[PDB]
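This is target.csv (CSV, C-alpha atoms).
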chain,number,residue,atom,x,y,z
A,343,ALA,CA,87.8,104.0,71.9
A,344,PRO,CA,88.0,101.2,69.3
A,345,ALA,CA,87.8,98.3,71.8
A,346,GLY,CA,89.3,100.0,74.8
A,347,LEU,CA,90.7,97.8,77.6
A,348,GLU,CA,88.8,95.1,79.5
A,349,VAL,CA,89.8,96.6,82.9
A,350,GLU,CA,88.9,94.6,86.0
A,351,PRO,CA,87.0,96.9,88.4
A,352,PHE,CA,89.1,98.4,91.1
A,353,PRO,CA,88.3,97.1,94.6
A,354,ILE,CA,87.0,99.6,97.1
A,355,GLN,CA,88.5,99.5,100.6
A,356,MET,CA,87.7,103.1,101.7
A,357,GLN,CA,85.3,104.6,104.1
A,358,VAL,CA,83.3,107.3,102.2
A,359,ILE,CA,82.4,110.3,104.3
A,360,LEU,CA,80.1,112.7,102.5
A,361,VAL,CA,80.0,116.3,104.0
A,362,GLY,CA,77.1,118.7,103.2
A,363,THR,CA,74.5,121.1,104.5
A,364,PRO,CA,71.4,119.6,106.1
A,365,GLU,CA,69.2,120.7,103.2
A,366,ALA,CA,71.7,119.1,100.8
A,367,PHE,CA,71.1,115.7,102.1
A,368,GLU,CA,67.3,115.5,101.4
A,369,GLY,CA,68.2,115.1,97.7
A,370,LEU,CA,70.2,112.0,98.6
A,371,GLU,CA,68.1,110.4,101.4
A,372,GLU,CA,65.1,109.3,99.2
A,373,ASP,CA,67.1,106.3,98.3
A,374,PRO,CA,66.8,103.2,100.5
A,375,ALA,CA,70.4,102.4,99.6
A,376,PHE,CA,71.5,105.7,101.2
A,377,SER,CA,70.4,104.5,104.6
A,378,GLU,CA,71.9,101.1,103.8
A,379,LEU,CA,75.3,102.7,102.7
A,380,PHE,CA,75.8,105.8,104.8
A,381,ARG,CA,74.4,104.8,108.1
A,382,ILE,CA,76.3,107.0,110.6
A,383,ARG,CA,75.0,110.6,110.8
A,384,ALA,CA,77.6,112.9,112.2
A,385,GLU,CA,75.4,116.0,112.4
A,386,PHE,CA,77.0,119.3,113.5
A,387,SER,CA,75.2,121.5,116.0
A,388,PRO,CA,75.1,125.0,114.5
A,389,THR,CA,75.6,126.4,118.0
A,390,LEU,CA,77.9,125.6,121.0
A,391,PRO,CA,77.1,126.0,124.7
B,245,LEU,CA,107.7,94.1,73.0
B,246,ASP,CA,106.0,97.3,74.2
B,247,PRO,CA,107.4,98.3,77.6
B,248,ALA,CA,104.4,100.6,78.2
B,249,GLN,CA,101.9,97.8,77.7
B,250,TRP,CA,103.6,95.5,80.2
B,251,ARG,CA,104.5,97.9,83.0
B,252,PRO,CA,102.5,97.6,86.2
B,253,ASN,CA,100.5,100.8,86.7
B,254,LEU,CA,101.3,101.7,90.4
B,255,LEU,CA,98.2,103.7,90.9
B,256,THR,CA,99.3,105.1,94.3
B,257,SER,CA,102.5,104.9,96.4
B,258,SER,CA,102.4,102.6,99.4
B,259,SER,CA,101.0,104.4,102.4
B,260,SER,CA,102.3,103.8,105.9
B,261,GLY,CA,98.8,104.0,107.2
B,262,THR,CA,99.6,106.7,109.8
B,263,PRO,CA,98.1,109.1,108.8
B,264,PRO,CA,95.9,107.0,106.6
B,265,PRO,CA,95.1,107.9,103.0
B,266,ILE,CA,92.9,111.0,103.3
B,267,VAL,CA,91.6,112.2,99.9
B,268,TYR,CA,88.9,114.9,99.5
B,269,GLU,CA,87.3,115.8,96.1
B,270,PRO,CA,86.0,119.3,96.1
B,271,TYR,CA,85.0,118.8,92.4
B,272,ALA,CA,83.6,115.2,92.2
B,273,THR,CA,83.2,114.1,88.6
B,274,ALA,CA,83.2,110.5,87.3
B,275,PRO,CA,86.7,110.9,85.7
B,276,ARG,CA,88.0,112.4,89.0
B,277,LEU,CA,86.1,110.0,91.2
B,278,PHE,CA,86.6,106.6,89.5
B,279,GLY,CA,89.6,107.6,87.5
B,280,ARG,CA,89.8,107.6,83.7
B,281,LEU,CA,91.5,105.8,80.9
B,282,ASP,CA,93.6,108.0,78.5
B,283,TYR,CA,94.2,107.3,74.8
B,284,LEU,CA,96.5,108.2,71.9
B,285,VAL,CA,95.5,109.4,68.4
B,286,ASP,CA,98.1,108.5,65.7
B,287,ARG,CA,96.9,109.9,62.3
B,288,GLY,CA,93.3,109.2,63.3
B,289,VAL,CA,94.1,105.8,64.7
B,290,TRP,CA,92.7,105.5,68.2
B,291,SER,CA,94.7,103.4,70.7
B,292,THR,CA,95.3,102.9,74.4
B,293,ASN,CA,97.4,100.8,76.9
C,245,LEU,CA,90.0,81.9,56.0
C,246,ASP,CA,89.5,83.8,59.3
C,247,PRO,CA,89.2,81.3,62.2
C,248,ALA,CA,88.1,84.1,64.5
C,249,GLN,CA,84.7,84.2,62.7
C,250,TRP,CA,84.1,80.5,63.3
C,251,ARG,CA,84.6,79.9,67.0
C,252,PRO,CA,81.8,78.1,68.9
C,253,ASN,CA,80.7,81.2,70.9
C,254,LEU,CA,80.1,79.5,74.3
C,255,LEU,CA,77.9,82.2,75.9
C,256,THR,CA,77.3,79.9,78.9
C,257,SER,CA,79.2,77.5,81.1
C,258,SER,CA,78.5,73.9,82.1
C,259,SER,CA,76.3,74.1,85.2
C,260,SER,CA,75.5,71.0,87.3
C,261,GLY,CA,72.2,72.5,88.4
C,262,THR,CA,73.1,72.1,92.1
C,263,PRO,CA,73.2,74.9,93.0
C,264,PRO,CA,71.0,76.2,90.2
C,265,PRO,CA,72.5,78.9,88.0
C,266,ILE,CA,71.5,82.1,89.8
C,267,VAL,CA,72.2,85.5,88.3
C,268,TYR,CA,71.2,88.9,89.9
C,269,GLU,CA,71.6,92.3,88.2
C,270,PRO,CA,72.0,95.2,90.7
C,271,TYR,CA,71.0,97.3,87.7
C,272,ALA,CA,69.7,95.9,84.4
C,273,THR,CA,69.8,97.5,81.0
C,274,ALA,CA,69.4,96.1,77.5
C,275,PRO,CA,73.2,95.6,76.9
C,276,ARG,CA,73.6,94.0,80.3
C,277,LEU,CA,70.5,91.8,80.1
C,278,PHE,CA,70.4,90.7,76.4
C,279,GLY,CA,74.1,91.1,75.8
C,280,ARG,CA,75.7,93.2,73.2
C,281,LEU,CA,77.8,92.8,70.0
C,282,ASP,CA,81.2,94.3,70.1
C,283,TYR,CA,83.0,95.9,67.1
C,284,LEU,CA,86.6,96.7,66.3
C,285,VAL,CA,88.1,99.7,64.5
C,286,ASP,CA,91.0,99.1,62.2
C,287,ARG,CA,92.4,102.6,61.4
C,288,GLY,CA,88.8,103.7,60.9
C,289,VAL,CA,87.3,100.6,59.5
C,290,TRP,CA,84.4,99.0,61.4
C,291,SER,CA,84.4,95.2,61.7
C,292,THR,CA,82.8,92.4,63.7
C,293,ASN,CA,82.7,88.6,64.0
Could you express the structure from this file as structure tokens?
Amino acid sequence: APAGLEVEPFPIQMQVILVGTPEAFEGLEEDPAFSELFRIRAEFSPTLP
Amino acid sequence: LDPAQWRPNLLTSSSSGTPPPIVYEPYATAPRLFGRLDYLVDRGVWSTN
Amino acid sequence: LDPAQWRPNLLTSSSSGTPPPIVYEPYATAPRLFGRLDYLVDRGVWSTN
């Protein structure tokens, strides 16, 4: 872009819910911010009674 | 006066909140996550609004 | 005469010192820390002031 637009950043009012396999979340849980941001762990039991 | 440059970009229609806005990105890329800004090319002249 | 090339570029604002000017960068890079010089493209011609 030549100068583009000076866009004001969009406010975030959502609740981000990331869904993945247990081995997928090692790659994202080395960051201290990850515990700070995503702090509820809804872990799915791979079996049911 | 350019009508396109002075029209309020209604990003998303007003939601009643029941059900709340539920959006899932199977393919999460920065243009798809944060949105993007498009442009026009007029004889090699690069512009946007 | 181009008056756009002779503005007093106030890179700061008058601070009373109470509270002291406090700036924190969540992430810091060279353009964010030291500032950057912008350029404008006129039909393909690079310019700056």
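Nearest to residue 278 in chain B of all the residues A:370, A:390, A:384, A:354 is A:354, counting only C-alpha atoms.
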Quiz item: What are the residues of chain C that have an atom within 9 Å of an atom of chain B, counting all atoms listed in the file, as a PyMOL selection string?
Solution: chain C and resi 285-288
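Between CA of residue 381 in chain A and CA of residue 365 in chain A the separation is 17.4 Å.
Interatomic distance, CA of residue 292 in chain B against CA of residue 248 in chain B: 10.1 Å.
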Quiz item: Using all atoms listed in the file, can you list as a PyMOL selection string the residues within 12 Å of (94.0, 109.7, 77.0)?
Solution: (chain A and resi 343+346) or (chain B and resi 275+279-285+290-293)
Exercise. Would you kindly report the residues of chain A within 12 Å of chain B, using all atoms listed in the file, as a VMD selection string?
Key: chain A and resid 343 to 349 351 to 362
Can I get C-alpha atoms for chain B, as a compact mmCIF listing (two decimals), in the first residue's frame?
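That gives us selection-v7.txt:
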# COMPACT_ATOMS: atom_id res chain seq x y z
CA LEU B 245 -17.36 13.80 -2.30
CA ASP B 246 -16.64 10.09 -2.41
CA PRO B 247 -19.58 8.13 -0.98
CA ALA B 248 -17.44 5.02 -0.47
CA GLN B 249 -14.86 6.85 1.65
CA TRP B 250 -17.52 8.28 4.00
CA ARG B 251 -19.82 5.30 4.49
CA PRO B 252 -19.74 3.56 7.88
CA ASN B 253 -18.40 0.04 7.44
CA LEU B 254 -20.96 -2.03 9.35
CA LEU B 255 -18.65 -4.97 10.01
CA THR B 256 -21.35 -7.28 11.36
CA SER B 257 -25.12 -7.05 11.68
CA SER B 258 -26.49 -6.38 15.15
CA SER B 259 -26.92 -9.61 17.08
CA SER B 260 -29.80 -10.24 19.45
CA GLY B 261 -27.39 -12.07 21.76
CA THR B 262 -29.55 -15.20 21.90
CA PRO B 263 -27.85 -17.24 20.56
CA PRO B 264 -24.71 -15.13 20.96
CA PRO B 265 -22.24 -14.60 18.11
CA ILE B 266 -20.62 -18.01 17.68
CA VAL B 267 -17.83 -17.95 15.10
CA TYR B 268 -15.39 -20.85 14.48
CA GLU B 269 -12.36 -20.62 12.15
CA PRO B 270 -11.31 -24.09 10.87
CA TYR B 271 -8.62 -22.26 8.80
CA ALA B 272 -7.20 -19.57 11.10
CA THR B 273 -4.95 -17.20 9.18
CA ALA B 274 -4.16 -13.59 10.03
CA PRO B 275 -6.32 -12.21 7.17
CA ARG B 276 -9.15 -14.49 8.31
CA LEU B 277 -8.64 -13.92 12.03
CA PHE B 278 -8.01 -10.18 12.29
CA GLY B 279 -9.67 -9.29 9.01
CA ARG B 280 -7.88 -7.57 6.17
CA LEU B 281 -7.86 -4.34 4.19
CA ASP B 282 -8.49 -4.56 0.46
CA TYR B 283 -7.16 -2.25 -2.23
CA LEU B 284 -7.70 -1.09 -5.79
CA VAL B 285 -5.15 -0.85 -8.60
CA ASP B 286 -5.91 1.77 -11.26
CA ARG B 287 -3.27 1.70 -14.01
CA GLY B 288 -0.64 0.80 -11.41
CA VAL B 289 -1.91 3.40 -8.92
CA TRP B 290 -2.49 1.74 -5.55
CA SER B 291 -5.40 3.00 -3.47
CA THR B 292 -7.76 2.05 -0.65
CA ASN B 293 -10.69 3.37 1.37
